[PDB]
Amino acid sequence: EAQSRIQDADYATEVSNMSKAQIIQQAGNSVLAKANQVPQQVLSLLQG
Amino acid sequence: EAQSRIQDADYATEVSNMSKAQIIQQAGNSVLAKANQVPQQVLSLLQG
Amino acid sequence: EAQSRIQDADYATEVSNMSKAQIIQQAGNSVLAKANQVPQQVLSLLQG
Amino acid sequence: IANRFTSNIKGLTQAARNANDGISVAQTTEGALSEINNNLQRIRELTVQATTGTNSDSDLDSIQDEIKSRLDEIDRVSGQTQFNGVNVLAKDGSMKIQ
Amino acid sequence: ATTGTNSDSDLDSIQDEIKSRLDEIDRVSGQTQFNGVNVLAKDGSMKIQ
Amino acid sequence: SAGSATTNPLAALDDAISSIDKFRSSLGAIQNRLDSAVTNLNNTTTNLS
Amino acid sequence: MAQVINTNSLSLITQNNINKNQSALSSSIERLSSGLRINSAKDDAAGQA
Amino acid sequence: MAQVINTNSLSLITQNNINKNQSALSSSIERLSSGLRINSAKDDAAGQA
Amino acid sequence: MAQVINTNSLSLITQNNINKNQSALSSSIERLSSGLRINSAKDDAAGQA
């Protein structure tokens, strides 16, 4: 009983944790692509 | 839950904010190109 | 684990690196064309 | 008029945040109260068991020991429940929300 | 700051920020200058021909 | 016969965290006022030009 | 415009407006990336504390 | 952004936040796969002992 | 929900309710397995005495 109390992570807790971690990862990757849409309006400024 | 109340910005509001910011930036760049079309009409007057 | 730590370049890092490298290349080429618009006002000076 | 509208908008947004904080305070206090109520219900059930005349002195002593333990829990929860450094259940005052 | 939820340290921090911004207002008003004239430091008037 | 274990570890840690938070708040206020100064400087430079 | 070529008031004003936008653009992008309303305490430090 | 192309502060901050999330992602997946709360003692060692 | 992704109050509340039910589930299963109403004094001790 006591060993199970100490060990044996709460599967609900880590399922929620990985779900929100995956969502944060996907959001960060999409925002990272949006940021890597790096300054290109400078190119437009150039030919003006 | 209270900490979530204080922190944890709203993605709806943030997405709207970044979208309008990007459009304002592109508009500013285009208008900047139009203004940086600094007068060649002075050159046009010059040869007359 | 350790070998992956040493090797395995960070795709985010090199994606950003190539994006800014390509932008620098395009800007350099456009400015190079502007420079290779080499002094032709000397031609105008000639017939004067 | 635009400046006045900007001031009003900012004030109202901050006021909404303050109201959310007030809701949080109410939630915490009510949770503590629910636990206290459960303890009191158990105490009443124990009292109903104890008041019968079949019980002997040792039985009454054990029942009252359990009653004292749960009363101590009520006092402990009341004293130690805390929100943002304010003991909600240890004071008889009032809170103001803008 | 006027909310009753905020504690003493929270009020202290908010007042620190308010004092900083009041200092900025005073600084800008004192140091704004045009052609050697402090426009926002005097109560006079300028006559333009 | 008082021993050597720290008396009020939680209180000491709370004091340390409070000091850290206060200093961070001061830095944040300074940064905000500095950004305001930058904006004012840019506006004044444009008008002087 | 037609009368002066040494400076461009329009260009200066446009650049100022672009920078003013850039502040909010960077703020919004970093806030979305982090997923936190209070980030780097460049805002109300009471919330941070 | 409109000023500079040699660096991208937004990209750097986003990469930092992504790495910070990835740490917890890996921890959670490993924890689920093993089924053990205390794993490899990268956490409270008193529990391990 | 749509506002925030860092926490899930719905998930937290559901987990709390699940644990509260699981306590009674364990009590009932143990009670049936043993066949005794008063077991291990997690309940009225006067009855056990």
# chains A, B, ... in the order shown; residues from 1 in each chain; ligands from 1
>>> select_by_dssp(residues="chain D", states="alpha helix (DSSP H)", output="JSON list (two decimals) with N, CA and C atoms, in the first residue's frame")
[["chain", "number", "residue", "atom", "x", "y", "z"],
["D", 2, "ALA", "N", -12.11, 60.44, -27.68],
["D", 2, "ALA", "CA", -11.35, 59.21, -27.84],
["D", 2, "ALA", "C", -10.52, 58.91, -26.61],
["D", 3, "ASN", "N", -9.90, 59.93, -26.02],
["D", 3, "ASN", "CA", -9.14, 59.71, -24.79],
["D", 3, "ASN", "C", -10.05, 59.23, -23.66],
["D", 4, "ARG", "N", -11.23, 59.84, -23.52],
["D", 4, "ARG", "CA", -12.16, 59.39, -22.49],
["D", 4, "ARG", "C", -12.58, 57.95, -22.71],
["D", 5, "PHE", "N", -12.85, 57.58, -23.97],
["D", 5, "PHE", "CA", -13.24, 56.21, -24.27],
["D", 5, "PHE", "C", -12.12, 55.23, -23.96],
["D", 6, "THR", "N", -10.87, 55.60, -24.28],
["D", 6, "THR", "CA", -9.75, 54.74, -23.95],
["D", 6, "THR", "C", -9.64, 54.52, -22.45],
["D", 7, "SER", "N", -9.78, 55.60, -21.68],
["D", 7, "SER", "CA", -9.74, 55.47, -20.23],
["D", 7, "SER", "C", -10.84, 54.54, -19.72],
["D", 8, "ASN", "N", -12.06, 54.71, -20.24],
["D", 8, "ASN", "CA", -13.17, 53.87, -19.80],
["D", 8, "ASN", "C", -12.93, 52.41, -20.15],
["D", 9, "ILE", "N", -12.43, 52.14, -21.36],
["D", 9, "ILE", "CA", -12.20, 50.76, -21.78],
["D", 9, "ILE", "C", -11.17, 50.09, -20.88],
["D", 10, "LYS", "N", -10.05, 50.78, -20.63],
["D", 10, "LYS", "CA", -9.02, 50.20, -19.78],
["D", 10, "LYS", "C", -9.53, 49.95, -18.37],
["D", 11, "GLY", "N", -10.25, 50.92, -17.81],
["D", 11, "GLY", "CA", -10.80, 50.74, -16.48],
["D", 11, "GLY", "C", -11.75, 49.56, -16.40],
["D", 12, "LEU", "N", -12.62, 49.41, -17.39],
["D", 12, "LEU", "CA", -13.59, 48.32, -17.36],
["D", 12, "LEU", "C", -12.90, 46.97, -17.49],
["D", 13, "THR", "N", -11.87, 46.87, -18.34],
["D", 13, "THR", "CA", -11.14, 45.61, -18.46],
["D", 13, "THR", "C", -10.50, 45.23, -17.13],
["D", 14, "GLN", "N", -9.83, 46.19, -16.49],
["D", 14, "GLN", "CA", -9.20, 45.88, -15.21],
["D", 14, "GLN", "C", -10.25, 45.51, -14.16],
["D", 15, "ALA", "N", -11.41, 46.16, -14.22],
["D", 15, "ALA", "CA", -12.49, 45.83, -13.29],
["D", 15, "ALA", "C", -12.98, 44.40, -13.49],
["D", 16, "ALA", "N", -13.07, 43.97, -14.75],
["D", 16, "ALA", "CA", -13.46, 42.58, -15.01],
["D", 16, "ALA", "C", -12.45, 41.62, -14.41],
["D", 17, "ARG", "N", -11.16, 41.93, -14.53],
["D", 17, "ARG", "CA", -10.15, 41.07, -13.91],
["D", 17, "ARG", "C", -10.33, 41.02, -12.39],
["D", 18, "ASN", "N", -10.60, 42.17, -11.77],
["D", 18, "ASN", "CA", -10.82, 42.20, -10.33],
["D", 18, "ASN", "C", -12.01, 41.35, -9.92],
["D", 19, "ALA", "N", -13.09, 41.42, -10.70],
["D", 19, "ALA", "CA", -14.26, 40.60, -10.40],
["D", 19, "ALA", "C", -13.94, 39.12, -10.51],
["D", 20, "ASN", "N", -13.12, 38.74, -11.49],
["D", 20, "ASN", "CA", -12.68, 37.34, -11.57],
["D", 20, "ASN", "C", -11.93, 36.93, -10.30],
["D", 21, "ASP", "N", -11.07, 37.81, -9.80],
["D", 21, "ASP", "CA", -10.37, 37.51, -8.55],
["D", 21, "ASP", "C", -11.35, 37.31, -7.40],
["D", 22, "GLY", "N", -12.38, 38.15, -7.33],
["D", 22, "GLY", "CA", -13.39, 37.98, -6.30],
["D", 22, "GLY", "C", -14.09, 36.64, -6.38],
["D", 23, "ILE", "N", -14.41, 36.21, -7.61],
["D", 23, "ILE", "CA", -15.01, 34.89, -7.80],
["D", 23, "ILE", "C", -14.09, 33.80, -7.27],
["D", 24, "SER", "N", -12.79, 33.94, -7.53],
["D", 24, "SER", "CA", -11.83, 32.94, -7.04],
["D", 24, "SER", "C", -11.86, 32.87, -5.51],
["D", 25, "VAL", "N", -11.90, 34.04, -4.86],
["D", 25, "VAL", "CA", -11.94, 34.08, -3.40],
["D", 25, "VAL", "C", -13.17, 33.34, -2.89],
["D", 26, "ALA", "N", -14.32, 33.62, -3.50],
["D", 26, "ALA", "CA", -15.56, 32.97, -3.07],
["D", 26, "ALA", "C", -15.46, 31.46, -3.24],
["D", 27, "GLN", "N", -14.88, 31.00, -4.35],
["D", 27, "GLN", "CA", -14.75, 29.56, -4.57],
["D", 27, "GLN", "C", -13.92, 28.91, -3.48],
["D", 28, "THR", "N", -12.78, 29.51, -3.14],
["D", 28, "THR", "CA", -11.92, 28.92, -2.12],
["D", 28, "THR", "C", -12.63, 28.83, -0.78],
["D", 29, "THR", "N", -13.27, 29.93, -0.37],
["D", 29, "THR", "CA", -13.95, 29.93, 0.92],
["D", 29, "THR", "C", -15.06, 28.90, 0.95],
["D", 30, "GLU", "N", -15.80, 28.77, -0.15],
["D", 30, "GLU", "CA", -16.92, 27.83, -0.16],
["D", 30, "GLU", "C", -16.43, 26.38, -0.12],
["D", 31, "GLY", "N", -15.29, 26.09, -0.75],
["D", 31, "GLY", "CA", -14.74, 24.74, -0.63],
["D", 31, "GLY", "C", -14.38, 24.39, 0.80],
["D", 32, "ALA", "N", -13.71, 25.32, 1.49],
["D", 32, "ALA", "CA", -13.40, 25.08, 2.90],
["D", 32, "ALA", "C", -14.68, 24.87, 3.71],
["D", 33, "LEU", "N", -15.71, 25.66, 3.42],
["D", 33, "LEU", "CA", -16.98, 25.53, 4.13],
["D", 33, "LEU", "C", -17.61, 24.17, 3.90],
["D", 34, "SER", "N", -17.54, 23.66, 2.67],
["D", 34, "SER", "CA", -18.11, 22.35, 2.38],
["D", 34, "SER", "C", -17.42, 21.27, 3.20],
["D", 35, "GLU", "N", -16.09, 21.35, 3.31],
["D", 35, "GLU", "CA", -15.40, 20.37, 4.14],
["D", 35, "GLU", "C", -15.84, 20.46, 5.60],
["D", 36, "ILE", "N", -15.97, 21.69, 6.12],
["D", 36, "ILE", "CA", -16.42, 21.86, 7.50],
["D", 36, "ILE", "C", -17.81, 21.25, 7.69],
["D", 37, "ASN", "N", -18.69, 21.45, 6.72],
["D", 37, "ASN", "CA", -20.05, 20.92, 6.83],
["D", 37, "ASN", "C", -20.05, 19.40, 6.86],
["D", 38, "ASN", "N", -19.20, 18.77, 6.04],
["D", 38, "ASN", "CA", -19.10, 17.31, 6.09],
["D", 38, "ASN", "C", -18.66, 16.85, 7.47],
["D", 39, "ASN", "N", -17.67, 17.54, 8.05],
["D", 39, "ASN", "CA", -17.23, 17.17, 9.39],
["D", 39, "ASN", "C", -18.36, 17.29, 10.41],
["D", 40, "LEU", "N", -19.14, 18.37, 10.33],
["D", 40, "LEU", "CA", -20.23, 18.56, 11.27],
["D", 40, "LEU", "C", -21.30, 17.49, 11.12],
["D", 41, "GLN", "N", -21.60, 17.09, 9.88],
["D", 41, "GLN", "CA", -22.57, 16.02, 9.68],
["D", 41, "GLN", "C", -22.10, 14.72, 10.33],
["D", 42, "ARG", "N", -20.82, 14.39, 10.16],
["D", 42, "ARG", "CA", -20.30, 13.18, 10.80],
["D", 42, "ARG", "C", -20.37, 13.29, 12.32],
["D", 43, "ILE", "N", -20.08, 14.47, 12.87],
["D", 43, "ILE", "CA", -20.18, 14.65, 14.31],
["D", 43, "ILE", "C", -21.61, 14.41, 14.79],
["D", 44, "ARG", "N", -22.59, 14.93, 14.05],
["D", 44, "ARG", "CA", -23.98, 14.72, 14.47],
["D", 44, "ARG", "C", -24.34, 13.24, 14.43],
["D", 45, "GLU", "N", -23.89, 12.52, 13.40],
["D", 45, "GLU", "CA", -24.18, 11.09, 13.35],
["D", 45, "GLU", "C", -23.57, 10.37, 14.55],
["D", 46, "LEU", "N", -22.33, 10.73, 14.91],
["D", 46, "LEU", "CA", -21.71, 10.12, 16.08],
["D", 46, "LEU", "C", -22.48, 10.44, 17.35],
["D", 47, "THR", "N", -22.97, 11.67, 17.48],
["D", 47, "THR", "CA", -23.75, 12.03, 18.66],
["D", 47, "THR", "C", -25.03, 11.21, 18.75],
["D", 48, "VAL", "N", -25.71, 11.02, 17.62],
["D", 48, "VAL", "CA", -26.91, 10.20, 17.60],
["D", 48, "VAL", "C", -26.58, 8.78, 18.05],
["D", 49, "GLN", "N", -25.43, 8.26, 17.62],
["D", 49, "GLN", "CA", -25.02, 6.94, 18.08],
["D", 49, "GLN", "C", -24.75, 6.94, 19.58],
["D", 50, "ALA", "N", -24.13, 8.00, 20.09],
["D", 50, "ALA", "CA", -23.67, 8.00, 21.47],
["D", 50, "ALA", "C", -24.81, 8.15, 22.47],
["D", 57, "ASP", "N", -19.32, 3.14, 29.43],
["D", 57, "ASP", "CA", -18.43, 4.27, 29.65],
["D", 57, "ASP", "C", -17.27, 4.27, 28.66],
["D", 58, "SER", "N", -16.66, 3.11, 28.42],
["D", 58, "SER", "CA", -15.55, 3.05, 27.47],
["D", 58, "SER", "C", -16.02, 3.40, 26.06],
["D", 59, "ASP", "N", -17.20, 2.92, 25.68],
["D", 59, "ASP", "CA", -17.75, 3.23, 24.36],
["D", 59, "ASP", "C", -17.98, 4.73, 24.22],
["D", 60, "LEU", "N", -18.55, 5.35, 25.25],
["D", 60, "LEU", "CA", -18.75, 6.80, 25.21],
["D", 60, "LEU", "C", -17.42, 7.53, 25.13],
["D", 61, "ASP", "N", -16.41, 7.04, 25.84],
["D", 61, "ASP", "CA", -15.09, 7.67, 25.78],
["D", 61, "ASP", "C", -14.51, 7.62, 24.38],
["D", 62, "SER", "N", -14.62, 6.46, 23.72],
["D", 62, "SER", "CA", -14.12, 6.35, 22.35],
["D", 62, "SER", "C", -14.87, 7.27, 21.40],
["D", 63, "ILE", "N", -16.20, 7.32, 21.53],
["D", 63, "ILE", "CA", -16.99, 8.17, 20.65],
["D", 63, "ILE", "C", -16.63, 9.63, 20.86],
["D", 64, "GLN", "N", -16.45, 10.04, 22.11],
["D", 64, "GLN", "CA", -16.09, 11.43, 22.37],
["D", 64, "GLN", "C", -14.68, 11.73, 21.91],
["D", 65, "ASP", "N", -13.78, 10.74, 21.92],
["D", 65, "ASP", "CA", -12.46, 10.96, 21.36],
["D", 65, "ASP", "C", -12.55, 11.26, 19.87],
["D", 66, "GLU", "N", -13.37, 10.49, 19.16],
["D", 66, "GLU", "CA", -13.56, 10.76, 17.73],
["D", 66, "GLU", "C", -14.18, 12.14, 17.51],
["D", 67, "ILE", "N", -15.16, 12.50, 18.35],
["D", 67, "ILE", "CA", -15.80, 13.81, 18.25],
["D", 67, "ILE", "C", -14.78, 14.93, 18.45],
["D", 68, "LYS", "N", -13.93, 14.78, 19.46],
["D", 68, "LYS", "CA", -12.91, 15.79, 19.73],
["D", 68, "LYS", "C", -11.94, 15.91, 18.57],
["D", 69, "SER", "N", -11.56, 14.77, 17.98],
["D", 69, "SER", "CA", -10.66, 14.82, 16.83],
["D", 69, "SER", "C", -11.28, 15.60, 15.67],
["D", 70, "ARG", "N", -12.56, 15.35, 15.39],
["D", 70, "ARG", "CA", -13.18, 16.05, 14.27],
["D", 70, "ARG", "C", -13.41, 17.53, 14.57],
["D", 71, "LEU", "N", -13.69, 17.88, 15.83],
["D", 71, "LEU", "CA", -13.78, 19.29, 16.19],
["D", 71, "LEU", "C", -12.43, 19.97, 16.02],
["D", 72, "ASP", "N", -11.35, 19.27, 16.38],
["D", 72, "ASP", "CA", -10.02, 19.81, 16.15],
["D", 72, "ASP", "C", -9.77, 20.03, 14.66],
["D", 73, "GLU", "N", -10.23, 19.11, 13.82],
["D", 73, "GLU", "CA", -10.10, 19.31, 12.38],
["D", 73, "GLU", "C", -10.87, 20.53, 11.91],
["D", 74, "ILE", "N", -12.08, 20.74, 12.44],
["D", 74, "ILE", "CA", -12.84, 21.93, 12.07],
["D", 74, "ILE", "C", -12.04, 23.19, 12.41],
["D", 75, "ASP", "N", -11.51, 23.24, 13.63],
["D", 75, "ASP", "CA", -10.74, 24.41, 14.05],
["D", 75, "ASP", "C", -9.50, 24.59, 13.19],
["D", 76, "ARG", "N", -8.81, 23.50, 12.87],
["D", 76, "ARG", "CA", -7.58, 23.59, 12.08],
["D", 76, "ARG", "C", -7.87, 24.10, 10.68],
["D", 77, "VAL", "N", -8.90, 23.55, 10.02],
["D", 77, "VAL", "CA", -9.24, 24.00, 8.68],
["D", 77, "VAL", "C", -9.62, 25.47, 8.69],
["D", 78, "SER", "N", -10.43, 25.87, 9.68],
["D", 78, "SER", "CA", -10.83, 27.27, 9.78],
["D", 78, "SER", "C", -9.63, 28.18, 9.95],
["D", 79, "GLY", "N", -8.71, 27.81, 10.84],
["D", 79, "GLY", "CA", -7.56, 28.66, 11.09],
["D", 79, "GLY", "C", -6.60, 28.74, 9.92],
["D", 80, "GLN", "N", -6.38, 27.62, 9.23],
["D", 80, "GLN", "CA", -5.32, 27.54, 8.24],
["D", 80, "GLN", "C", -5.77, 27.78, 6.81]]
>>> residues_around(residues="stretch 44-47 of chain H", least_positions_apart="5", cutoff="10 Å", atoms="only C-alpha atoms", output="ChimeraX atom specification")
/A:3,6-7 /H:37-39
>>> write_last_selection(atoms="N, CA, C and O atoms", output="PDB file, in the first residue's frame")
ATOM      1  N   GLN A   3       4.072   1.673  -0.689  1.00  0.00           N
ATOM      2  CA  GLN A   3       4.904   1.821  -1.877  1.00  0.00           C
ATOM      3  C   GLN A   3       4.082   2.325  -3.054  1.00  0.00           C
ATOM      4  O   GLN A   3       4.552   3.160  -3.835  1.00  0.00           O
ATOM      5  N   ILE A   6       3.629   6.007  -2.727  1.00  0.00           N
ATOM      6  CA  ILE A   6       4.783   6.816  -3.117  1.00  0.00           C
ATOM      7  C   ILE A   6       4.948   6.828  -4.634  1.00  0.00           C
ATOM      8  O   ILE A   6       5.041   7.892  -5.256  1.00  0.00           O
ATOM      9  N   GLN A   7       4.983   5.651  -5.247  1.00  0.00           N
ATOM     10  CA  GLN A   7       5.229   5.481  -6.673  1.00  0.00           C
ATOM     11  C   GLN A   7       3.898   5.521  -7.430  1.00  0.00           C
ATOM     12  O   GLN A   7       2.901   6.039  -6.922  1.00  0.00           O
TER      13      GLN A   7
ATOM     14  N   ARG H  37       6.024   6.956 -10.927  1.00  0.00           N
ATOM     15  CA  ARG H  37       6.149   8.379 -10.632  1.00  0.00           C
ATOM     16  C   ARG H  37       7.606   8.779 -10.451  1.00  0.00           C
ATOM     17  O   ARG H  37       8.073   9.753 -11.052  1.00  0.00           O
ATOM     18  N   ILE H  38       8.344   8.033  -9.636  1.00  0.00           N
ATOM     19  CA  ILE H  38       9.752   8.303  -9.373  1.00  0.00           C
ATOM     20  C   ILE H  38      10.569   7.470 -10.344  1.00  0.00           C
ATOM     21  O   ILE H  38      10.633   6.242 -10.218  1.00  0.00           O
ATOM     22  N   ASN H  39      11.204   8.133 -11.304  1.00  0.00           N
ATOM     23  CA  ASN H  39      11.890   7.442 -12.385  1.00  0.00           C
ATOM     24  C   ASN H  39      13.258   8.066 -12.589  1.00  0.00           C
ATOM     25  O   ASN H  39      13.362   9.276 -12.813  1.00  0.00           O
TER      26      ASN H  39
END
>>> atom_distance(atom1="atom CA of residue C:12", atom2="atom CA of residue A:34")
12.2 Å
>>> calpha_fit_rmsd(fixed="chain I", moving="chain H")
0.1 Å
>>> atom_distance(atom1="atom CA of residue A:19", atom2="atom CA of residue H:43")
21.4 Å
